[PDB]
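A.B. asks: First the structure, then my questions, so here it is.
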Amino acid sequence: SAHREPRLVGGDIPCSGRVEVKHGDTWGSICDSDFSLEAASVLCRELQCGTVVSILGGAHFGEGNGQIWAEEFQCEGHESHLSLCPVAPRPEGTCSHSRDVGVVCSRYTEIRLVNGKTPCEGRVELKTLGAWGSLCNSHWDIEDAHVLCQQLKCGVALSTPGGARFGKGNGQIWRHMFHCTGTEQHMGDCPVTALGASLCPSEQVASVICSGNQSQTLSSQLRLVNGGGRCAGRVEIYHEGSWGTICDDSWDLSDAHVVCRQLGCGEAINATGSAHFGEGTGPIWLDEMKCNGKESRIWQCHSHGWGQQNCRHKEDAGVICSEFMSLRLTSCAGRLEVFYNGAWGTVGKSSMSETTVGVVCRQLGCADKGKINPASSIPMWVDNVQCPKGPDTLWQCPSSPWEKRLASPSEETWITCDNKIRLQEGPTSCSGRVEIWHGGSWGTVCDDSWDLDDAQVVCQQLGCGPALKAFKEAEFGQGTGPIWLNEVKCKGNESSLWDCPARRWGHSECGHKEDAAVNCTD
Amino acid sequence: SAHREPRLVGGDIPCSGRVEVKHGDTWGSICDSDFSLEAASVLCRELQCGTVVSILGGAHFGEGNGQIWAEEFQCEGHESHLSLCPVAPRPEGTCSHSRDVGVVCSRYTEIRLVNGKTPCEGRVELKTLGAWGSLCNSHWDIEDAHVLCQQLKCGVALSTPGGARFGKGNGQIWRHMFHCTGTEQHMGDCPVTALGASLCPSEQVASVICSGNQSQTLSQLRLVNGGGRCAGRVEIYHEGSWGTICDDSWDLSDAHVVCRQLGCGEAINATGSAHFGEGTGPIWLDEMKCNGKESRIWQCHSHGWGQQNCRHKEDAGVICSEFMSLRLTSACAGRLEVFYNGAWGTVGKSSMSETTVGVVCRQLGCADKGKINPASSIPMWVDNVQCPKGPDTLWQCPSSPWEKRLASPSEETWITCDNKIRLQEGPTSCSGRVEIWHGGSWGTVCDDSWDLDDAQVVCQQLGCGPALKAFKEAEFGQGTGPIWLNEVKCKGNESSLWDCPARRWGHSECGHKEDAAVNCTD
Amino acid sequence: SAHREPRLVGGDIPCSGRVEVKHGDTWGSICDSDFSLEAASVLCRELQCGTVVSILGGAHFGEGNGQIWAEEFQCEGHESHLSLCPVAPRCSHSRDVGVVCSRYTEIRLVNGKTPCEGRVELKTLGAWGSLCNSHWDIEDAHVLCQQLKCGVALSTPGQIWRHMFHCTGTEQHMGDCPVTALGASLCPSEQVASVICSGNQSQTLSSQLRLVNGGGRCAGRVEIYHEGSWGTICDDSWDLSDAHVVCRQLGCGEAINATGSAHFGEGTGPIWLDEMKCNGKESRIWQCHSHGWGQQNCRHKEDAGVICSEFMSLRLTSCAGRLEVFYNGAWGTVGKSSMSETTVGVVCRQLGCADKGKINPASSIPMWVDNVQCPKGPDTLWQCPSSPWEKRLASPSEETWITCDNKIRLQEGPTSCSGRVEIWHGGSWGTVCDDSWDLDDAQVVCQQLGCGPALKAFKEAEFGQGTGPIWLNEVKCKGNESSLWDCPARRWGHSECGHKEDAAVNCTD
Ligand SMILES: *[C@@H]1O[C@H](CO)[C@@H](O)[C@H](O)[C@H]1NC(C)=O
Ligand SMILES: *[C@@H]1O[C@H](CO)[C@@H](O)[C@H](O)[C@H]1NC(C)=O
Ligand SMILES: *[C@@H]1O[C@H](CO)[C@@H](O)[C@H](O)[C@H]1NC(C)=O
Ligand SMILES: *[C@@H]1O[C@H](CO)[C@@H](O)[C@H](O)[C@H]1NC(C)=O
Ligand SMILES: *[C@@H]1O[C@H](CO)[C@@H](O)[C@H](O)[C@H]1NC(C)=O
Ligand SMILES: *[C@@H]1O[C@H](CO)[C@@H](O)[C@H](O)[C@H]1NC(C)=O
Ligand SMILES: [Ca+2]
Ligand SMILES: [Ca+2]
Ligand SMILES: [Ca+2]
Ligand SMILES: [Ca+2]
Ligand SMILES: [Ca+2]
Ligand SMILES: [Ca+2]
Ligand SMILES: [Ca+2]
Ligand SMILES: [Ca+2]
Ligand SMILES: [Ca+2]
Ligand SMILES: [Ca+2]
Ligand SMILES: [Ca+2]
Ligand SMILES: [Ca+2]
Ligand SMILES: [Ca+2]
Ligand SMILES: [Ca+2]
Ligand SMILES: [Ca+2]
Ligand SMILES: [Ca+2]
Ligand SMILES: [Ca+2]
């Protein structure tokens, strides 16, 4: 089990850091060319860190002091430990410490229990932005308490005592709204939403009293599907052990209100129909929902009965709730716009750190970093957004509460995301190995079917001049992270490498020794 | 079997009338908005009435007294009885008795045996036009007698005695020419031709004597895809399959025998090279050297029972003298022209009732009714055409014998068929639910992708000006019959709804709750 | 055994001749239609003549006086004798059958104090000659001693035949050994091949690298053997030194290409070696500096193959065009001088398109080989003795242009592209049975013949009875096959069709 024991060091959040693997007894770094997405997934799984968010090569969390291992992990991605992974050691030189690999996993939450008589109950205390703080009890349900107790290994939660029972706590209140269903064993797996979360009374601090028996386990259904979020999508209901849809007959805002308040998504904005979020694959359970908009559950409405319908899947009902938040850039480059409460709105530029811009760019899936620009008219929704390290979406980023207020264009935020594609380890900026950003991490392109047309499309994507050479076999050096593309069958005139046909987004049989490079004109 | 026992009432012909289905023990009608073509087909099949001809909603056969059932028959179409179909009842009332559904089935013949000691023997009598007439043996073969006996549940026939053995006949003599093959169960399944049939001797009347034993049971050749009974690809049946001729050395002499076998007289054209389509099925007849005098296709110098050596693209077809075709010349408004004996000619206007014009319009497939117009150079074949109820083709209609003669311009038949498209349940004639006529019954257009281009096409096809609003989800009520069109992708400039791309003429997953509608300028 | 005792007579080379199966006491020929590929294979095996090369019909080796047998041999193929095969008793002497087996070598020992010892002599082109020891290794001596029933070899001390025998030592006969005599260099008169065999028949030999999917002997993906499984070599740092090592190890001269990226197809086996650091001087590939057995970070998409100096390929460039031979990594022409009809037939058959061809005048590329003299029996040009390889410039007058008759043909037809369909396979002109012979089959046949689309697909022997055997029946052509050989059907025998069921085609004029 300690054959290749991984660990994360150099990170300021629990499940991110420079990857160090212990070969028996010596802790040593890993070059980013020897650590694929599958190996990072195995590393995050073994450390109980959840799913891999990003592979950060080039010593993102600082260079390690010691020795660099020369083994390329050929993990299949389903392994439980890094010891079970097959590796391909190389006798020759390995790498430089300026290219150590770092991995960001998804369990960054760092929530604990403080000021309790028995070690595992008390005031819930959360750490974001480098400072501990009390969580608000407005959205601290018993399911969140159950997940927290399971994470701290004390079984289930007895109660969430409201008020300052365990103490108000010396610090500020964190407004994060954990949306745990109770079925997950870590608060980092829960969908948390801290953007614009409403202010909290000082004395309304969340707490929890766990059962304390580890052997004690939780014992026992509506969901929204294909909505591009959490509070929108096709209304899917569960009955007779099957996920079924609701026909959009007489499906109005009252029905949407009921399903949105049942899911904890606030009121509703749209009661969509005609399969707005895609046709479902399952029996239609309800046909004519006659909810008054006041009851707390959808099944307790005046429907036609389970399975009693005259509808098809082409008209499955779906909803868009008030708590449905969306993000976009309009002119990636343009004005940052957040879609909350059914209305698009700009984001305040105040306290917009580099981390927040990077989070926005990663969320939009077009860069790892970005920069704020002056304006090149809609009101401002949120302001003072402060993204910590670890969230790949803006909605987990604490900020001032939502306020529908008018904003001058000067103090809104315009950001230009960095290039999707970069050239690394080259003498100039127009030559080197092709790197592309997708899926949270920088990756490479393999040299299979890497002719000069692919070099042409890469050069015209970076803005460089015409392509000169399309190198193969990692001429400029082995790359970082996963191999996103191989067999790119470009015609040489595409607007970007993404439109070019290829075996896309991982699963390429190529290694990092076959990294594709280009030589553009200065 | 009595759970849903259908019956047809209010019809002058045997196999048509208002649809009444016994829901256990109470007789009640069915609304026309919850009776598709599959349910009508099951109804016709169960009642031993052949295939369904047309679904006539709106109390075509009369107002049904009693109760209306709100059960939407979800019949697949192949059920033996209506009791075996899925049922999707709705709690609310469906419609009034003014929208009772009616169904016309194929077996309208009403043929019987009269003036016999035993019920399985006597003079053949037939009922068309409300008159019990005595069929005569001009074309009454032994296959017709066998089918008549089998229909009457009397096993097989013995002989067809000539003269007035069972009586001359108390009334007038029908000239119908049944072309039974001896295998179909009912005389209504036989292809009958009574148009222009030759005058028949008064003392020669068809009579049949059967075996009288229900246990008795009987122990081929056909023309396919020719637009009639006496044209199309020649098909020979043996070894349980139907096969076509290779066309090689397929002369008019080889066509004379195949035409005289079916009773279609002499042969006009001996076609080939898939002239009537690509005939799927093994080819087992090649190098036909028929001399013409013989009366069987298999009696020729056949190369062998399976010496295919050919392709379905070289399939043999024939055109016979008794092949009949109909058209309107001036789309489907103009002079009535009938194609007999290889020439086109007019049709006499004398005794041309509304039923005959409706039959012509249905057969040409462009309306359910029509109207006689004044004249607005070819001879006249047939005159005094009298269509009864039940036939959808003009060739099953008794008429004066084919008399090639010159006729004045003031006595032929000019008809203008009704519009293929209509708007129902609207305040004005240019607003309401769009209904189209196809396949014998008035269906509706579903609302899937029913935009204003569709409404523009419909409004310009009706006859009035531009559209105002293309309605959705049965704004003016659920329509009658099937749903012919859905997902109509009109460009907005098509002259008629039939030019727009669509999922046309059935197999549409829509329901009558999704009936498209329009609003046109008055 | 003597129930059906076969023999080959009327052949110049040892293991070829007209088939004459003996019915106990009387020898009698066989009609060409009553003898299939499996029967010929069993015949070749029984007479210790190795595998069958071709079945020659129409009295290729003359007509044998006697009684022709009407029996039909339903040999499965693996029978050790013609007696053991099932027989189906029920022709003319002009249709007698002959077979050419693969052990045509006729190599012997002369001038020795013992019958199992002496100088090696070989007989090709009808003249006994002294094979010499330019490439006479100890494996060839072992194979010769085993063939002569002399045990194993001990040491190797008319005109001179320059044949190169590439025996591995495990071959029971010289005909089984791969032999290359095309363009072999001259050889000193005093330097000839000899062998002293042990003379102990009870004595036996005792105990790998290979190239596969190369279309020859000295090219293809490098397969190395380890731990009981044949594995590949990754092409990482697989430069020309590694190819030199694996080519000189296999006796294939120097190397022209060290191919990678699975040029000769992706192997199916564990990649054994990854980073070959051969200096080009060691005699074995495993003696190179590598990452070690099994240590590799490669896939099968990058298997390492080579193309060696002795790799030879044959092509015709316009199956008609100038004859070209690919030796030493460079394509080149073949000399027209002394181009006998046998050599043209061998060339046409090796191109896989005929059994005969006509020498034609030309309608630049330097010349490799000249004075090529193919004997009877080889089916490849590489085994035909000739003048040595020489890189020289030639005018198109002395170049070789050959127009071979393609395997598909139509015969007894009013036009060129009408008649019964006949194919060529195994040295005999067969006919296709009209089982499921539809217009798709005729389309394929007409497209292969090079004329317009088919008009009719006749049956029932429309254009007369075909000669020879029947190779094809129940051909399921889809109408778009380039050649009739790509159509999925039971091919080259195992057909009960008679000549009355010969298929025919009618194409456009
Ligand atoms: C939601 O409703 C608003 C207000 O009626 C409308 O503007 C918007 O287009 C709707 N969006 C969807 C997806 O239905
Ligand atoms: C890229 O092209 C430039 C322009 O010819 C050349 O000077 C440079 O050496 C090239 N780089 C490589 C790595 O070949
Ligand atoms: C049929 O034959 C007649 C002549 O008898 C000719 O006028 C007509 O065009 C023919 N029609 C076809 C379809 O061959
Ligand atoms: C059609 O449109 C006009 C004008 O918009 C409206 O007055 C009329 O009521 C509409 N027709 C129907 C049936 O509603
Ligand atoms: C072999 O090497 C020569 C030398 O450049 C080259 O021209 C040829 O294309 C190569 N062939 C293969 C199959 O690699
Ligand atoms: C080939 O077909 C054409 C037309 O189908 C015919 O005229 C010709 O005689 C045929 N050739 C034969 C049968 O050899
Ligand atoms: Ca919560
Ligand atoms: Ca609906
Ligand atoms: Ca509702
Ligand atoms: Ca409904
Ligand atoms: Ca590669
Ligand atoms: Ca490419
Ligand atoms: Ca009849
Ligand atoms: Ca034929
Ligand atoms: Ca023909
Ligand atoms: Ca004929
Ligand atoms: Ca719809
Ligand atoms: Ca449309
Ligand atoms: Ca040798
Ligand atoms: Ca490689
Ligand atoms: Ca090397
Ligand atoms: Ca390697
Ligand atoms: Ca075929």
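Identifiers in the structure tokens: chain A, B, ... in order shown; residue index from 1 per chain; ligand index from 1 in order shown.
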For ligand 13, list the contacting residues at 8 Å or closer, counting only C-alpha atoms and all ligand atoms, as a list in words.
C.D. replies: residues 139, 140, 141, 142, 143, 144, 177, 178, 179, 180 and 263 of chain B
A.B. asks: Just want the 12 Å neighbourhood of residue 202 of chain C, counted on only C-alpha atoms, with same-chain residues fewer than 5 positions away dropped. Output as an mmCIF file with N, CA, C and O atoms, in the first residue's frame.
C.D. replies:
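Resulting contents of result-v4.cif:
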```cif
data_model
loop_
_atom_site.group_PDB
_atom_site.id
_atom_site.type_symbol
_atom_site.label_atom_id
_atom_site.label_comp_id
_atom_site.auth_asym_id
_atom_site.auth_seq_id
_atom_site.Cartn_x
_atom_site.Cartn_y
_atom_site.Cartn_z
ATOM 1 N N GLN C 146 20.379 -33.954 -43.913
ATOM 2 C CA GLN C 146 19.095 -34.526 -43.526
ATOM 3 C C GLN C 146 18.315 -35.006 -44.745
ATOM 4 O O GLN C 146 17.707 -36.082 -44.720
ATOM 5 N N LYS C 149 19.413 -38.292 -46.176
ATOM 6 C CA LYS C 149 19.378 -39.354 -45.169
ATOM 7 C C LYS C 149 20.780 -39.667 -44.655
ATOM 8 O O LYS C 149 21.203 -40.822 -44.610
ATOM 9 N N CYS C 150 21.510 -38.620 -44.270
ATOM 10 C CA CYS C 150 22.873 -38.750 -43.768
ATOM 11 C C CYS C 150 23.034 -38.152 -42.375
ATOM 12 O O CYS C 150 24.160 -37.895 -41.942
ATOM 13 N N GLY C 151 21.932 -37.924 -41.667
ATOM 14 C CA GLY C 151 22.003 -37.396 -40.320
ATOM 15 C C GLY C 151 22.142 -35.891 -40.268
ATOM 16 O O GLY C 151 21.232 -35.165 -40.678
ATOM 17 N N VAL C 152 23.272 -35.407 -39.753
ATOM 18 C CA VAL C 152 23.549 -33.981 -39.680
ATOM 19 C C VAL C 152 24.930 -33.722 -40.264
ATOM 20 O O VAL C 152 25.735 -34.635 -40.454
#
```
A.B. asks: Find the residues around residue 309 of chain C up to 6 Å (only C-alpha atoms counted), leave out those fewer than 5 positions away in its own chain, and share them as a short mmCIF file (atom, residue, chain, number, x, y, z; two decimals) with N, CA, C and O atoms, in the first residue's frame.
C.D. replies:
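Printed below is selection_23.cif as written:
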```cif
data_model
loop_
_atom_site.label_atom_id
_atom_site.label_comp_id
_atom_site.auth_asym_id
_atom_site.auth_seq_id
_atom_site.Cartn_x
_atom_site.Cartn_y
_atom_site.Cartn_z
N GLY C 253 21.87 -8.90 -45.51
CA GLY C 253 22.74 -7.82 -45.92
C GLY C 253 22.60 -6.60 -45.04
O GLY C 253 22.25 -6.71 -43.86
N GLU C 254 22.86 -5.42 -45.60
CA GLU C 254 22.70 -4.18 -44.86
C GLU C 254 21.22 -3.83 -44.78
O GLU C 254 20.35 -4.62 -45.15
N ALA C 255 20.91 -2.64 -44.29
CA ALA C 255 19.53 -2.19 -44.16
C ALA C 255 19.36 -0.84 -44.84
O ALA C 255 20.25 0.01 -44.77
N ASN C 328 18.13 -3.84 -53.01
CA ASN C 328 19.06 -2.91 -52.37
C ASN C 328 18.41 -1.55 -52.12
O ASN C 328 19.09 -0.52 -52.10
#
```
A.B. asks: Please identify all protein, DNA and RNA residues within 8 Å of ligand 1, counting only C-alpha atoms and all ligand atoms, and report them as JSON, numbers by chain.
C.D. replies: {"A": [269, 270, 271, 272, 276, 320, 342]}
A.B. asks: Using only C-alpha atoms and all ligand atoms, which residue out of C:157, C:178, C:214, C:413 lies closest to ligand 19?
C.D. replies: C:178
A.B. asks: List every residue of segment 28-156 of chain A that DSSP, applied to the backbone of this structure, places in helix (DSSP H, G or I), and write the result as a list in words.
C.D. replies: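 Here is the list: residues 32, 33, 34, 37, 38, 39, 40, 41, 42, 43, 44, 45, 46, 82, 83, 84, 97, 98, 99, 142, 143, 144, 145, 146, 147, 148, 149, 150 and 151 of chain A.
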A.B. asks: Taking only C-alpha atoms and all ligand atoms into account, report as a list in words which residues have an atom no farther than 9 Å from an atom of ligand 3.
C.D. replies: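 Within the 9 Å cut-off, the matching residues are residues 267, 268, 269, 270, 271, 275, 318, 319, 342 and 343 of chain B.
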A.B. asks: If you count only C-alpha atoms and all ligand atoms, which residues end up within 8 Å of ligand 14, as a list in words?
C.D. replies: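 Using only C-alpha atoms and all ligand atoms, everything at most 8 Å from ligand 14 comes to residues 246, 247, 248, 249, 286, 287, 308, 309 and 310 of chain B; 458 of chain C.
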A.B. asks: Given the choices B:283, B:129, B:30, B:59, which gets closest to chain C if the distance is worked out from only C-alpha atoms?
C.D. replies: B:283
A.B. asks: Neighbours of residue 143 of chain C within 12 Å (only C-alpha atoms; same-chain residues fewer than 5 positions away dropped), as a CSV table (one decimal) with N, CA, C and O atoms, in the first residue's frame?
C.D. replies:
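New file part-v5.csv:
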```
chain,number,residue,atom,x,y,z
C,107,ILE,N,19.4,-31.5,-55.7
C,107,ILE,CA,20.8,-31.2,-55.2
C,107,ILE,C,21.3,-32.5,-54.6
C,107,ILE,O,20.7,-33.3,-54.0
C,108,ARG,N,22.6,-32.7,-54.9
C,108,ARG,CA,23.3,-34.0,-54.6
C,108,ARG,C,24.7,-33.8,-54.2
C,108,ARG,O,25.2,-32.6,-54.1
C,136,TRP,N,26.8,-20.7,-48.4
C,136,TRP,CA,26.6,-22.1,-48.0
C,136,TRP,C,27.0,-22.2,-46.5
C,136,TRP,O,28.2,-22.5,-46.2
C,137,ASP,N,26.1,-21.9,-45.6
C,137,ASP,CA,26.3,-21.9,-44.2
C,137,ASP,C,26.3,-23.3,-43.7
C,137,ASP,O,26.2,-24.3,-44.4
C,138,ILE,N,26.3,-23.5,-42.4
C,138,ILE,CA,26.2,-24.8,-41.8
C,138,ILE,C,24.8,-25.3,-41.7
C,138,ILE,O,24.5,-26.5,-41.7
C,148,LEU,N,19.5,-36.0,-47.6
C,148,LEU,CA,20.2,-37.2,-48.2
C,148,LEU,C,20.2,-38.4,-47.3
C,148,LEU,O,20.8,-39.4,-47.6
C,149,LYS,N,19.4,-38.3,-46.2
C,149,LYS,CA,19.4,-39.4,-45.2
C,149,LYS,C,20.8,-39.7,-44.7
C,149,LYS,O,21.2,-40.8,-44.6
C,150,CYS,N,21.5,-38.6,-44.3
C,150,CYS,CA,22.9,-38.8,-43.8
C,150,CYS,C,23.0,-38.2,-42.4
C,150,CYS,O,24.2,-37.9,-41.9
C,151,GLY,N,21.9,-37.9,-41.7
C,151,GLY,CA,22.0,-37.4,-40.3
C,151,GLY,C,22.1,-35.9,-40.3
C,151,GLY,O,21.2,-35.2,-40.7
C,152,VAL,N,23.3,-35.4,-39.8
C,152,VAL,CA,23.5,-34.0,-39.7
C,152,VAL,C,24.9,-33.7,-40.3
C,152,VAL,O,25.7,-34.6,-40.5
C,153,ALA,N,25.2,-32.5,-40.6
C,153,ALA,CA,26.5,-32.1,-41.1
C,153,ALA,C,27.5,-32.0,-40.0
C,153,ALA,O,27.3,-31.9,-38.8
C,154,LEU,N,28.8,-32.0,-40.5
C,154,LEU,CA,30.0,-31.9,-39.6
C,154,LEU,C,30.7,-30.6,-39.9
C,154,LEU,O,31.0,-29.8,-39.1
C,165,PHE,N,21.1,-20.4,-50.4
C,165,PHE,CA,20.1,-21.2,-49.6
C,165,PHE,C,20.1,-20.6,-48.2
C,165,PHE,O,21.1,-20.5,-47.5
C,166,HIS,N,18.9,-20.1,-47.8
C,166,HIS,CA,18.7,-19.5,-46.6
C,166,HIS,C,18.0,-20.4,-45.5
C,166,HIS,O,17.1,-20.0,-44.8
C,167,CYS,N,18.5,-21.6,-45.5
C,167,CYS,CA,18.0,-22.6,-44.6
C,167,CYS,C,18.2,-22.2,-43.1
C,167,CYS,O,19.2,-21.5,-42.8
C,168,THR,N,17.3,-22.5,-42.3
C,168,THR,CA,17.4,-22.3,-40.8
C,168,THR,C,18.1,-23.5,-40.2
C,168,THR,O,18.4,-23.5,-39.0
C,169,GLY,N,18.3,-24.6,-40.9
C,169,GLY,CA,18.8,-25.9,-40.4
C,169,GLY,C,17.8,-26.9,-40.0
C,169,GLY,O,18.1,-28.1,-39.9
C,170,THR,N,16.5,-26.5,-39.8
C,170,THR,CA,15.5,-27.4,-39.4
C,170,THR,C,14.7,-27.9,-40.6
C,170,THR,O,13.7,-28.7,-40.3
C,171,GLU,N,15.0,-27.6,-41.8
C,171,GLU,CA,14.3,-28.0,-43.0
C,171,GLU,C,14.7,-29.5,-43.3
C,171,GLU,O,15.9,-29.8,-43.3
C,172,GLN,N,13.7,-30.3,-43.7
C,172,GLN,CA,14.0,-31.7,-44.0
C,172,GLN,C,14.4,-31.8,-45.5
C,172,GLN,O,14.8,-32.9,-45.9
C,173,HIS,N,14.3,-30.8,-46.3
C,173,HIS,CA,14.6,-30.9,-47.7
C,173,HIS,C,15.0,-29.5,-48.2
C,173,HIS,O,14.6,-28.5,-47.6
C,174,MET,N,15.8,-29.4,-49.3
C,174,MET,CA,16.2,-28.2,-49.8
C,174,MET,C,15.1,-27.4,-50.4
C,174,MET,O,15.1,-26.2,-50.4
C,175,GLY,N,14.1,-28.1,-51.0
C,175,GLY,CA,12.9,-27.4,-51.5
C,175,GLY,C,12.2,-26.6,-50.5
C,175,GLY,O,11.5,-25.6,-50.8
C,176,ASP,N,12.2,-27.1,-49.2
C,176,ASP,CA,11.6,-26.3,-48.2
C,176,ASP,C,12.4,-25.0,-47.8
C,176,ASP,O,11.8,-24.1,-47.3
C,177,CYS,N,13.7,-25.1,-48.0
C,177,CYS,CA,14.5,-23.9,-47.7
C,177,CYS,C,14.2,-22.8,-48.6
C,177,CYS,O,14.0,-22.9,-49.8
C,178,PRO,N,14.2,-21.5,-48.1
C,178,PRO,CA,14.1,-20.4,-49.0
C,178,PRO,C,15.4,-20.2,-49.7
C,178,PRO,O,16.5,-20.2,-49.2
C,195,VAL,N,30.4,-30.6,-48.3
C,195,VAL,CA,29.9,-30.9,-47.0
C,195,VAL,C,30.3,-32.4,-46.7
C,195,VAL,O,30.3,-33.2,-47.5
C,197,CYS,N,28.9,-35.1,-44.2
C,197,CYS,CA,27.8,-35.5,-43.3
C,197,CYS,C,28.2,-36.5,-42.3
C,197,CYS,O,29.2,-37.2,-42.5
C,204,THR,N,20.6,-36.4,-34.6
C,204,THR,CA,19.6,-35.3,-34.8
C,204,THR,C,20.2,-34.0,-34.3
C,204,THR,O,21.0,-33.9,-33.5
C,205,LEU,N,19.6,-32.9,-34.9
C,205,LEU,CA,20.0,-31.6,-34.5
C,205,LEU,C,19.4,-31.1,-33.2
C,205,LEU,O,18.4,-31.8,-32.7
```
A.B. asks: Per residue of chain A within 10 Å of chain C, note the shortest atom pair and the distance in Å to one decimal, counting only C-alpha atoms, and order the rows by chain and increasing residue number, as a tab-separated table.
C.D. replies:
```
residue	atom	partner	partner_atom	distance
A:71	CA	C:297	CA	9.9
A:72	CA	C:297	CA	8.1
A:73	CA	C:297	CA	10.0
A:74	CA	C:297	CA	8.8
A:87	CA	C:297	CA	8.7
A:88	CA	C:297	CA	5.7
A:89	CA	C:295	CA	7.9
A:90	CA	C:291	CA	7.9
A:91	CA	C:291	CA	7.4
A:92	CA	C:291	CA	9.7
A:448	CA	C:261	CA	9.0
A:473	CA	C:236	CA	9.2
A:509	CA	C:299	CA	7.8
A:510	CA	C:299	CA	8.0
A:511	CA	C:298	CA	7.8
A:512	CA	C:297	CA	9.9
A:513	CA	C:297	CA	9.0
```
A.B. asks: Can you spit out the residues from that selection as a compact mmCIF listing (two decimals), in the first residue's frame, using N, CA and C atoms?
C.D. replies:
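And here is the file that came out, out_15.txt:
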```
# COMPACT_ATOMS: atom_id res chain seq x y z
N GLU A 71 9.09 7.49 -13.25
CA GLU A 71 8.11 6.48 -13.60
C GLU A 71 6.87 7.15 -14.17
N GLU A 72 6.45 6.71 -15.35
CA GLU A 72 5.25 7.21 -16.00
C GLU A 72 4.09 6.31 -15.62
N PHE A 73 3.07 6.88 -15.00
CA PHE A 73 1.96 6.11 -14.46
C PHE A 73 0.98 5.78 -15.59
N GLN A 74 0.86 4.49 -15.90
CA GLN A 74 -0.08 4.03 -16.92
C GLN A 74 -1.37 3.52 -16.26
N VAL A 87 3.36 1.14 -13.95
CA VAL A 87 4.25 2.25 -14.24
C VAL A 87 5.30 1.78 -15.24
N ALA A 88 5.91 2.74 -15.92
CA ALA A 88 6.93 2.49 -16.94
C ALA A 88 8.16 3.30 -16.58
N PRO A 89 9.01 2.79 -15.69
CA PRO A 89 10.19 3.54 -15.28
C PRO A 89 11.16 3.73 -16.44
N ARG A 90 11.85 4.86 -16.43
CA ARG A 90 12.86 5.14 -17.43
C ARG A 90 14.23 5.22 -16.77
N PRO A 91 15.22 4.48 -17.26
CA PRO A 91 16.55 4.53 -16.64
C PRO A 91 17.22 5.89 -16.72
N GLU A 92 16.97 6.66 -17.78
CA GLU A 92 17.72 7.88 -18.04
C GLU A 92 17.23 9.01 -17.14
N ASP A 448 0.40 11.75 -33.64
CA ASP A 448 -0.23 10.89 -34.62
C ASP A 448 -1.05 11.72 -35.60
N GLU A 473 7.15 13.51 -32.09
CA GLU A 473 7.96 12.78 -31.10
C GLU A 473 8.55 13.71 -30.04
N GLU A 509 -4.49 7.01 -27.11
CA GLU A 509 -3.54 5.96 -26.76
C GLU A 509 -2.11 6.47 -26.73
N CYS A 510 -1.88 7.73 -27.08
CA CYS A 510 -0.53 8.27 -27.11
C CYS A 510 0.00 8.54 -25.70
N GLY A 511 1.32 8.46 -25.57
CA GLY A 511 2.00 8.91 -24.37
C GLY A 511 2.47 10.35 -24.51
N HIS A 512 3.19 10.80 -23.49
CA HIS A 512 3.73 12.16 -23.52
C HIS A 512 5.00 12.27 -24.34
N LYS A 513 5.62 11.14 -24.70
CA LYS A 513 6.80 11.16 -25.56
C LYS A 513 6.48 11.54 -26.99
```
A.B. asks: List all protein, DNA and RNA residues that have an atom no more than 6 Å from any atom of ligand 10, counting only C-alpha atoms and all ligand atoms, and report them as JSON, numbers by chain.
C.D. replies: {"A": [249, 287, 288, 309, 310]}
A.B. asks: Dump the neighbourhood of ligand 16 as number ranges by chain: all residues within 6 Å, distances computed on only C-alpha atoms and all ligand atoms.
C.D. replies: B: 249-251, 254, 288-290
